[PDB]
2 protein chains.
Amino acid sequence: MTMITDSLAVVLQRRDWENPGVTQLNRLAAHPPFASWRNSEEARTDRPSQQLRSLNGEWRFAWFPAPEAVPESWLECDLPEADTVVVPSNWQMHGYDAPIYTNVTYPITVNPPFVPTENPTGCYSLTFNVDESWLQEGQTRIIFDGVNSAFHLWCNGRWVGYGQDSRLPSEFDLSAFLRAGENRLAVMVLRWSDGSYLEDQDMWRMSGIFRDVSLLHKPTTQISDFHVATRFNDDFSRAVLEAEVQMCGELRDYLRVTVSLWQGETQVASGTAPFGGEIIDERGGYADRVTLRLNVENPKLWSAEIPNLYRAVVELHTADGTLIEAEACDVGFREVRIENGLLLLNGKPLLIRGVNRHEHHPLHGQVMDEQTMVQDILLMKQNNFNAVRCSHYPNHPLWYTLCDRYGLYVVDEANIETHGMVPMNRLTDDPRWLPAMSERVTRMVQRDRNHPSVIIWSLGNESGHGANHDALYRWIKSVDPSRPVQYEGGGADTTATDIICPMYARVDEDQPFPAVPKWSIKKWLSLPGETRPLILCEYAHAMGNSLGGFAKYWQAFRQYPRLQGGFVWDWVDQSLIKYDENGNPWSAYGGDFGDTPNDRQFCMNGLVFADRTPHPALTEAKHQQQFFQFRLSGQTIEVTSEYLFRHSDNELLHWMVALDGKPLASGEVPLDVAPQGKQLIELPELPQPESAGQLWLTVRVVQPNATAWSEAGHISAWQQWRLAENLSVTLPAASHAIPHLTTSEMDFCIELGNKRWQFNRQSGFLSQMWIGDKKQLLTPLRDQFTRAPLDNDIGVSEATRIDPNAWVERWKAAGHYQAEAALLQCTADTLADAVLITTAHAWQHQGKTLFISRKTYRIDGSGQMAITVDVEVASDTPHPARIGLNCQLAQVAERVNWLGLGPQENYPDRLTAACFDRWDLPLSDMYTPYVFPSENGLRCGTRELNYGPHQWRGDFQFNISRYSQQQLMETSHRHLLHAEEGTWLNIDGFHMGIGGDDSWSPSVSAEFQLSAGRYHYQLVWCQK
Amino acid sequence: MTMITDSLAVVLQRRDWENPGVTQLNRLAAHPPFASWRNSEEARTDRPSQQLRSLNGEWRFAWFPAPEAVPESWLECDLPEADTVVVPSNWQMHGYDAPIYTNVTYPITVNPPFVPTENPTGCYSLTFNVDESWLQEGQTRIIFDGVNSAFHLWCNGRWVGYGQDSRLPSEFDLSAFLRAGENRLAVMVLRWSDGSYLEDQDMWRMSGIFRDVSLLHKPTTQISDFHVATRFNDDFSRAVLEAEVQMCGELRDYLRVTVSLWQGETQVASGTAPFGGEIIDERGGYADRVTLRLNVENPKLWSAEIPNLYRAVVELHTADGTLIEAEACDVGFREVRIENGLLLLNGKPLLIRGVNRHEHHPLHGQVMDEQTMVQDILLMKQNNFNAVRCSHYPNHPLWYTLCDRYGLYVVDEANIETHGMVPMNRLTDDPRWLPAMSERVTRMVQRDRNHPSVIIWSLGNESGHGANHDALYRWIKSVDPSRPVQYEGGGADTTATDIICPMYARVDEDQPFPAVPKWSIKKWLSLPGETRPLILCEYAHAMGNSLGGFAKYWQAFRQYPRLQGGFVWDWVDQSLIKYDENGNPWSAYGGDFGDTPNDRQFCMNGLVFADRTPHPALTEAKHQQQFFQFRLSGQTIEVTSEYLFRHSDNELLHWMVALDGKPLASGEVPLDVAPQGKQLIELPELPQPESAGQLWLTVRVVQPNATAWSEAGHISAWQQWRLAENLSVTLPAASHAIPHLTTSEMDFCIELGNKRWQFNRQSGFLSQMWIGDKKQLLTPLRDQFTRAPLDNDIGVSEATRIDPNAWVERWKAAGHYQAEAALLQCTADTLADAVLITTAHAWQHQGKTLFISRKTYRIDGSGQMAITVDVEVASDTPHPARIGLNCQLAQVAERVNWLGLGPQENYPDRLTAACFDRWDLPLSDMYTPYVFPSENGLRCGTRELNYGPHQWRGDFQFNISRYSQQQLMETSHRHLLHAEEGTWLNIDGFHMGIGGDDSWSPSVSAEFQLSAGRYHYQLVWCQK
């Protein structure tokens, strides 16, 4: 045995972390979560095992710059300078280092298997007392659920072992190291290791002991492994539960295994045997294994709709009935099978409403606690998601337990991503890395094998396509034939996948990339020879103000049989909290910790914010993924259930009819629909539209009773329609007053009653308005063509590396943000009962006319200003972002009241969730606090807008706020915005879609581009 | 860096050899045999590269009992007690240890991954001078082609690395260790390692550095890899040679690769490019790889019939034309493809005439030199073999080169056999061993990828069927799609094989073993769902006096399309030379070195002896596997060629007609047959049988001209037929003399002329005969029913563990070897011209009559004794081994002359090669020196036997020798036999077949069992 003074010397001299063939030393075999009960009643009822002891809490910690900087004294006793830290935790989150956010590019110099000499090293220590009885007999092991990236373990000064792979649990046998009473652990964690080359996920790269650490005591003769398989008869009315139990230790003739299956408090099934399997081959079978087969009549099948679980208890006991130890596991009777071309669950065709989820927490980095796991799940269920993809690594054990119990389908990904390699499969087609890769895959499978929520195995992410994938694909298929295996790398449809699984493939647009073309999903299905199902690995890139065109996917998913859904990218913004000089917290993105190079805002692509409040866009997802489809025909509403297994036994349809925001009628019909069935609900003879206006019919599926994951009264689905409409043929009332027009050389001054309008005759714009004597404007009413670029407008274009195709580049190149208004025409005429101002402007840039805008203002005798705007866009100029007006109002008012699509932010290509009604929000809620300031808060389909003492009527989109578009464009972080004096108001006649198929290549569909050349809109601006 | 005094301490403290996850440390990547030429003309013409330096020769060696016994001083300087040994060599072959021969059972205690503490350790050392220029620039590496089993390498006292896997080449970079001038290697070789668990082949387990060791100098910028693939157009009239070259080092813009293809001295094709492959995936392609495509018009296709090779030369050079380095490789244009259900080669259906071959040499253990490799090949070709299975491990590199050049198909097996595990797949279905296994497979493939002789990849042998096989199967299919993958473990037809490949499956007999039933090969093909080809991994177990029923296989192979041959088990007896007290050498088998437990004679299953002389049985193989089939109809001989590619352009048919051994006619016809075609050869009106007797027609295909592997006049095929027969209706000539019969109470004394016969009236047997006055017998003429048990009679039955089913057990149990002759009847009568003796005996055992034998002797007046024998066998008694007579002749004569099937040893179920003729052999050649003494030398179908002054006529089988059956049965080794006085002669009327489907379960087909109950034969014994 080495001595402390040469233990660090020798151990570090070997340099295991730069040797990809050595992934672990003395680590134990992977297996299911064991708890080691000495009482099968406690096993059954899931009671905190006394043999499982958490070591979480206060550890000592020292930070070094490189392994070699550590002092040998550290193995003997705690360093005087060690700080007290809480385990689990990333040490970047305590300011010992900088968390690094790159996307593709490796944080380190790429030279596999070598890592930077300077290699931030974390020295963890724990002093703890061990119970003598644990040491008297049995085996005590230590479990590390997650240490990033590699580490060495000493116990009482003696080197125990070496671990690697940040996302899987490492176990070491400490029975030969522990002594009675005071013991000491010393864990040396390295930030970079050869394993880092296979862990190139798009996330904050942090390090340390970041999942739970514990001790487990198991008796000498012990259950070492335990598999549950389930077979069904044709119609799932009978199941066979096959339990494979493997023991290790002193195999004896009186050992017996009893496997017991419980439904709550009912022992549904039970089987007992002695060890000794059947003959496997020429030399016999496994003496140390036993297979039990339980028959279950009418198994309650597990689904995400109805998560029916059983409790399996495995008793290892003597023939005399003395329990040696018990383990237990939740069992879900469900069958996953790809057949013909469809992924089936219990015989039904799945439709995946999924989302990619990262293990991220703004304060605790990548330490995930139960509390927030539950929160995430509830939010997902409440927004009509039924699946989660573990992007891109084995998740914290508890997660799977929760998904089993709540009802989510899980895609479980192996911790392998070599995205930054050139070419991507440089390692994954290299034999020498196959050992490293295999361990990552195989340990994952062994660990999570028994969960019912896990539906699909994934081979990892973005690692090209190499022979190692083919091998590992086959390995999984061999070992766990009950699930399907998925892998997108290589181009979504290689031979290492059961499912065509692509990332950001567009619905109707082919993207024929060299080598790995990315077809439209509709095309892809039909390509000569393709018989597999297609599920989108990643689609809809939710980078801030996004999900434009989301509806197209769901249209397609519903229409095509082999389009079986996909996973939205992604759940939650990966932002981190930083503090300002006043101690206020703010959301940081790539680069904000001094990490360079980095990929800036690309860490934030969530449907919810890091604090789990939701982005507007999440409601679009909820709508599109709802489980009830509605079709209106006359008085009949056809309700179609998209549930596969559950009957609608907690739903009722509430319906309302309204006339331009006024409630005329309503009712409420118990909704009773069989899985995949229909109900026809005929409405009472609906009110006859009293006057002018549009009738709207709104229906909502409400859930009377609270559920495991929802409040009573939860709205799960909705839909709205236009009904009868009456055009207003009513003539405007005549007024005994004609606005008086005074003309100077500076302005046109129109006066009616106490209202004055001043048109700045040198600019051509309405410059000021008075009510009584109060000036209404701070900034003149002018034409607006630009948008404070969204993430989808910017894409991957950068100041130091421009991408010409990005919309913002096109606009900047075209001078959209620089064009100046040349006053062309300017006249003011008195009509028989009005004043008519007519102007024309040429918006020009470098001698080229980009826009021509012709406007007329009609001030009538009732004090209403009718504005008519005609715009001509140069056909050769990138389509303008918007076509509207804006100004800055002097008035700041409290509430914004309006008639249109709402209440939340909605865009031309993200409207379908929004409902037409009379909405009313405090001004603050008009602004959507995106971490990376950009255009936000547009509300579409607005017929009337009320703010302060101003009313706008017509048909427009509007955006009311405290920040100018300019300020939004300039500002880099949300927390740096300054509410400007007055109120900024944008009123768009037309507005370009926001896109969102991906945030690196222009994804705004043609019909949402302002390409019509000639535009026209009208707006009535009166007081109120 | 560790110091010598703690280098052994530290290195051995880690204990890599008991840790299955650590297979190597600092070993370089596998690749094709490189030679590093600095002149592409030398590359082209295969000239000994000056950059490749052998280190073979005199090394220093010390033997320890365990790693820890080695003294640290050994790393500094040579131990005073180190002996000089020649590398390569197994140290068991120099008496430092005992070679161990077990078959299934592991030589060590089974406790994966742990190996016996006492672990015989070989300490090798080499002092050598290094040329300064090698050290000035470039990379010097050391190559170990085979070190058994694991080893540590130090260079100049500094630990270089760790190697494992006895059959694949290990390379280490020594450029950082070597110094100018005197350097020292220190290699510590361990007999047992964790790798031993995967190396459980049926062979002598020996150890040490047993293949070549050398140094290789490659320039800094170097070719690191190099693949050749070949594609063909539909009819093989155009090929595309795809060369993939990979470099490593300073990739520069002026690097160019030229690949040149030569046909002898003609540059057939050539292509040049710069490094930089095409885009592979989203991040580009391989900057350091280049693919060249050469078009070849009318490629000369490579086959075993016509081994057409090209020479590919790969020049790495600058753009200016400066050669950096060259590598080269022989290329064989051939395509291997399984289609419909058949394994095709260049479009033709293969028929595998193969044999399993071990790398074995009676004096040098497992060190295989070129000389004997060539010898083996020539023998194989000359006995009509066309394929070799590398049983069961990557062979010595040169072997493949030779097979390329001579023309043999090779099955290349990965070095994996876990046969002794329980169950067999205990390791191969265990994730944790998948790294170990994968390296074995992948390194093999990388190494031998480019050979044309290699046709099939094999995943190893007898290791059950586990997930690791499935994975590795897929890996190979992915990486080398041009070949098929074979694996028999699991039951010949799992999903990890392209070919149904079984061991010792019988032709027409199913062997329904629990779990892994072994069907008849005819049945197997047809089993619902089986579409693959079937090739017998191992069949026909040639354990000594065997190959009974061999003809049945070849009958079947020719008849069924999907039976495509197989590999005979096996080529050469694995025996070792030991010495007696006089310094004479003798062949040793398991147990003879004190190795216990062991599997005795099961190491010897060759077609040839260890000294490469041939067992009789080899000629049976040659006959059955000949490439010409003959069918006789009247005067027409139909000759069918079984060549697939070559036309018969060096053959002529010699034919002879003979009458009972007398030549009547002959002729010789140029044999001109197109591949798979026919020629009809009509014979001249054949001689009319002059007198009584049987006409025989013999044809032989002789090869006029010498070939690369045969002498001029080589006989390649033959066949014989019976033609017209004349029955002898000639009456025996009357003689004027009647044997005088004198009767006493002791005997019947018959006297005629100078001949006397004495029948011992108390025994019933002819006891003595005189000619003149010379006694002719030593032992009386008695009935014989037993056989000196063959290996197929004994099987796996042992003195300390009996297997009741073995024929020898049945016979012993029945008392066949103990039955005593009770004289029942005894009379002597005088006939009108003869004396008639009639006797009857009851052969009884424990009160039960086993045989009744009734014999008559008719002494006629010409001095001829006609013997008639009638035998009754008890139906409930295991069928007697033989039914005949035997005696011991006083006369020892020099030559044995006889008319019958010969010349070599032939048995009832191994006759087809033997030809009917007049043969004449010195008595010595009647005895077949099988290492394990047993019944041998039978000659069947004998009509006349001449020995000394005795002539036997009739129709019988006979066995004439110097050893009694008893002595043969008792003696354990060939060298312990003692020629007895006189000559032992057995004359069988009937004889049981020898069997040979396997040597562990009774494999004598029913029609070769003596089961008819009543037997009868006649024999004429006269002087001459």
# chains A, B, ... in the order shown; residues from 1 in each chain; ligands from 1
>>> residues_around(residues="residue 708 in chain A", least_positions_apart="4", cutoff="12 Å", atoms="only C-alpha atoms", output="number ranges by chain")
A: 305-307, 374, 377-378, 381-382, 402, 405-407, 712, 714
>>> residues_around(residues="range 247-251 of chain B", least_positions_apart="4", cutoff="7 Å", atoms="only C-alpha atoms", output="list in words")
residues 220, 221, 222, 223, 224, 225, 288 and 289 of chain B
>>> closest_residue(among="A:418, A:371, A:207, A:295", to="chain B", atoms="only C-alpha atoms")
A:418
>>> atom_distance(atom1="CA of residue 850 in chain B", atom2="CA of residue 984 in chain B")
24.6 Å
>>> residues_around(residues="range 86-95 of chain A", least_positions_apart="6", cutoff="8 Å", atoms="only C-alpha atoms", output="PyMOL selection string")
chain A and resi 56-59+122+206-213+363-367
>>> interface_residues(of="chain A", to="chain B", cutoff="6 Å", atoms="only C-alpha atoms", output="tab-separated table (two decimals) with C-alpha atoms, in the first residue's frame")
chain	number	residue	atom	x	y	z
A	280	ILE	CA	-29.04	-21.91	-20.33
A	281	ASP	CA	-26.38	-23.70	-22.31
A	283	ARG	CA	-22.75	-26.13	-18.98
A	284	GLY	CA	-25.98	-25.52	-17.11
A	285	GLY	CA	-27.63	-22.37	-15.83
A	422	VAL	CA	-14.57	17.47	-36.19
A	423	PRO	CA	-16.14	15.55	-37.78
A	435	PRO	CA	-15.11	1.06	-23.96
A	467	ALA	CA	-19.71	2.06	-35.46
A	471	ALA	CA	-22.80	-1.70	-31.56
A	474	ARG	CA	-27.61	-3.67	-30.79
A	475	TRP	CA	-26.48	-4.21	-27.24
A	478	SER	CA	-30.35	-7.52	-27.02
A	515	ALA	CA	-24.06	14.80	-46.32
>>> residues_around(residues="residue 547 in chain B", least_positions_apart="6", cutoff="7 Å", atoms="only C-alpha atoms", output="list in words")
residues 540, 541, 617, 910, 995 and 996 of chain B
>>> residues_around(residues="residue 831 in chain B", least_positions_apart="3", cutoff="10 Å", atoms="only C-alpha atoms", output="ChimeraX atom specification")
/B:738-739,828,834-836,858-860
>>> select_by_dssp(residues="range 700-895 of chain A", states="helix (DSSP H, G or I)", output="MDAnalysis selection string")
chainID A and resid 791:794 807:814
>>> write_last_selection(atoms="C-alpha atoms", output="PDB file, in the first residue's frame")
ATOM      1  CA  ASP A 791     -33.594  36.050 -31.096  1.00  0.00           C
ATOM      2  CA  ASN A 792     -34.979  34.525 -34.264  1.00  0.00           C
ATOM      3  CA  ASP A 793     -34.079  37.682 -36.172  1.00  0.00           C
ATOM      4  CA  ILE A 794     -30.544  37.665 -34.854  1.00  0.00           C
ATOM      5  CA  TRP A 807     -33.092  38.858 -40.811  1.00  0.00           C
ATOM      6  CA  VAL A 808     -31.447  41.442 -38.658  1.00  0.00           C
ATOM      7  CA  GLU A 809     -28.457  41.445 -40.958  1.00  0.00           C
ATOM      8  CA  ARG A 810     -30.613  41.894 -43.945  1.00  0.00           C
ATOM      9  CA  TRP A 811     -32.441  44.748 -42.282  1.00  0.00           C
ATOM     10  CA  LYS A 812     -29.286  46.413 -41.105  1.00  0.00           C
ATOM     11  CA  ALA A 813     -27.695  45.977 -44.504  1.00  0.00           C
ATOM     12  CA  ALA A 814     -30.775  47.474 -46.108  1.00  0.00           C
TER      13      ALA A 814
END
>>> closest_residue(among="A:497, A:694, A:233, A:575", to="residue 100 in chain A", atoms="only C-alpha atoms")
A:575
>>> closest_residue(among="A:728, A:201, A:156, A:102", to="residue 591 in chain A", atoms="only C-alpha atoms")
A:102
>>> residues_around(residues="residue 203 in chain A", least_positions_apart="4", cutoff="8 Å", atoms="only C-alpha atoms", output="number ranges by chain")
A: 101-103, 574, 603
